[PDB]
Amino acid sequence: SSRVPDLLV
Amino acid sequence: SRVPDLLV
Amino acid sequence: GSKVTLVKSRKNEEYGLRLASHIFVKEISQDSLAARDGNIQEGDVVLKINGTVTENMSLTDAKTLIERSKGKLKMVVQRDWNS
Amino acid sequence: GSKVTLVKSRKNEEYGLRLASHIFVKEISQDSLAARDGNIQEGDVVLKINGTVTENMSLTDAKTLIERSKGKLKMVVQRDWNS
């Protein structure tokens with residue numbers, strides 16, 4: 001994945 | 001769901 | 001990994017695709033709440049967060065659903081080999 | 001089919017989840033450009049659209065990526081591992 005950051009929770 | 005599929 | 005090219009012959013044509021999205025568990029951190037839970041696994045497709053269907057939902061909207069309940073996170077997940 | 005409840009014990013505690021998204025081909029219309037192409041199958045994950053990687057992207061993001069190319073559409077698709 002790139003450009004859209006991941007969702008870290 | 002409330003969010004519809006994307007049709008193209 | 002297959003490159004595909006679809007070329008229209010008219011402006012009003014359609015490609016013929018119904019696209020959808022799934023949210024999935026990409027990684028679980030070591031020594032984390034998720035790591036220690038028996039019921040959630042890397043690869044799991046998340047069907048619901050805190051009572052809300054996540055089918056076709058953006059990660060931005062998923063983040064707001066998660067932040068809504070401070071302290072607890074309820075989900076329904078499905079094994080990737082079951083979806 | 002699997003219920004998950006993760007309960008924080010501290011305010012700054014994390015869940016330990018990295019959640020990502022996959023856009024996938026839910027359905028292909030009969031006799032369509034996509035159907036007649038042969039290289040796309042239902043279940044395929046869309047990895048790239050008009051030269052841009054799609055991972056973590058929303059269906060809205062994909063729609064503008066698709067509309068960027070006026071008459072034509074390029075993608076990279078990949079089989080669902082469990083098909």
Side-chain angles (χ1 to χ4, degrees), chain A residues 1-7, chain B, chain C residues 1-9 12-27 41-49 52-63 75-77 79-83, chain D residues 1-2 18-54 56-69 71-83:
Chain A
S1 31
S2 309
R3 174 70 64 257
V4 177
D6 289 59
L7 169 60
Chain B
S1 59
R2 255 199 195 101
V3 186
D5 301 326
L6 164 65
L7 314 169
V8 299
Chain C
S2 277
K3 218 138 172 177
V4 169
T5 305
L6 306 174
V7 177
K8 300 197 160 165
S9 59
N12 273 326
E13 208 169 3
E14 68 176 25
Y15 293 111
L17 296 165
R18 165 176 304 266
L19 305 174
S21 58
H22 286 162
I23 292 175
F24 70 100
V25 184
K26 168 70 169 170
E27 189 177 10
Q41 293 173 211
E42 290 181 350
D44 281 355
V45 168
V46 177
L47 305 170
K48 279 198 249 269
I49 295 166
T52 297
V53 177
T54 62
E55 259 50 59
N56 298 344
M57 166 173 302
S58 77
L59 285 178
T60 301
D61 286 319
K63 185 168 170 171
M75 286 168 297
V76 177
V77 299
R79 301 283 96 82
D80 77 297
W81 68 74
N82 276 344
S83 55
Chain D
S2 267
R18 174 185 303 251
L19 304 176
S21 85
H22 277 335
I23 295 136
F24 69 95
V25 173
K26 191 158 166 34
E27 190 179 15
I28 300 169
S29 273
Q30 278 193 45
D31 308 308
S32 71
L33 288 169
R36 280 150 41 205
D37 173 275
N39 303 307
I40 308 176
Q41 308 179 203
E42 290 172 4
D44 283 3
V45 173
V46 177
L47 295 180
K48 214 179 179 177
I49 293 165
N50 291 322
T52 300
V53 307
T54 61
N56 298 346
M57 278 186 26
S58 62
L59 296 176
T60 303
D61 298 330
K63 180 180 196 153
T64 78
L65 273 198
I66 291 173
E67 292 165 348
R68 213 156 58 178
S69 51
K72 310 155 204 219
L73 171 71
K74 286 182 190 160
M75 295 158 61
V76 175
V77 289
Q78 154 148 270
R79 300 295 98 91
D80 179 10
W81 177 253
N82 305 101
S83 75

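Every chain is numbered from 1, with letters handed out A, B, ... down the list of sequences. The figures here come from the full heavy-atom set of this structure, side chains too, leaving out hydrogens, waters and symmetry mates.
- Taking OG of D/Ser21 as the reference point, atom CG of C/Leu59 lies at 5.0 Å (rounded to 0.5 Å).
- Expressed to the nearest 0.5 Å, how far CG of D/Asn56 lies from CZ of D/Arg18 amounts to 9.0 Å.
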CA sep, side-chain torsions, deciding dist, call: C/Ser2, D/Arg79, side chain to side chain donor-acceptor pair (under 3.5 Å) = CA-CA 9 Å; C/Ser2 277; D/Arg79 300 295 98 91; 4.8 Å; no
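- Pairing each heavy atom of A/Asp6 with each of A/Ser1, the nearest pair is OD1-OG, 3.4 Å.
- With values rounded to the nearest 0.5 angstrom, D/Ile66 atom CD1 is found 10.0 Å from C/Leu6 atom CG.
- Aromatic ring orientation, C/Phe24 versus D/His22: parallel (interplanar angle below 30°, classes split at 30° and 60°).
- Looking at C/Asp61, its side chain never comes within 3.5 Å of a backbone N or O of C/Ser58 through a donor-acceptor pair.
- Between the D/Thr54 side chain and the D/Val46 main chain, a donor and an acceptor come within less than 3.5 Å of each other.
- Inter-residue side-chain proximity for D/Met57 and D/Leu65 is flagged as met; some heavy-atom pair is nearer than 4.5 Å.
- A side chain to side chain contact (heavy atoms under 4.5 Å, CB included) with C/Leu17 is found for exactly one of D/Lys26, D/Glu27, D/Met75, namely D/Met75.
- To the nearest 0.5 angstrom, D/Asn82 atom CG is 6.5 Å from C/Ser83 atom OG.
- Proximity of a side-chain donor or acceptor of D/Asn50 to a complementary backbone N or O of D/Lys74 within less than 3.5 Å is detected.
- Separation of atoms CG (D/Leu33) and OG1 (C/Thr5) is listed at 12.0 Å; rounding is to 0.5 Å.
- Across every non-hydrogen atom of C/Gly16 and D/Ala34, the tightest pair is O-CB, 4.3 Å.
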Run the side-chain contact (heavy atoms from CB on, under 4.5 Å) check on D/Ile28 and D/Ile40 step by step: do they pass?
-> CA-CA 9 Å; D/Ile28 300 169; D/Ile40 308 176; 4.1 Å; yes
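- Partners of D/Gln78 according to the side chain to side chain donor-acceptor pair (under 3.5 Å) rule, which considers only residues two or more places apart in sequence or in another chain, do not exist here.
- Of all the heavy atoms in D/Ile23 and D/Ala62, the pair that sits closest is CD1-CB, 4.2 Å.
- C/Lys3 places no side-chain N or O within 3.5 Å of a backbone atom of D/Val76 that could act as its donor or acceptor partner.
- With C/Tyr15 contributing its side chain and B/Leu7 its backbone, the two residues share no donor-acceptor pair below 3.5 Å.
- D/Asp80 contributes atom CG, which lies 12.0 Å from atom CD of D/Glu42 (distance to the nearest 0.5 angstrom).
- Side-chain contact check for D/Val25 versus C/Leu19: some heavy-atom pair is nearer than 4.5 Å.
- Between D/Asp31 and D/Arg36 there is no salt bridge, since no side-chain N of the basic residue sits under 4.0 Å from a carboxylate O of the acidic one.
- Put simply, the side chain of D/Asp37 reaches to within 4.5 Å of the side chain of C/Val4, judged on heavy atoms.
- Looking only at distances, no side-chain donor or acceptor of D/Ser29 sits under 3.5 Å from a matching main-chain atom of D/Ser32.
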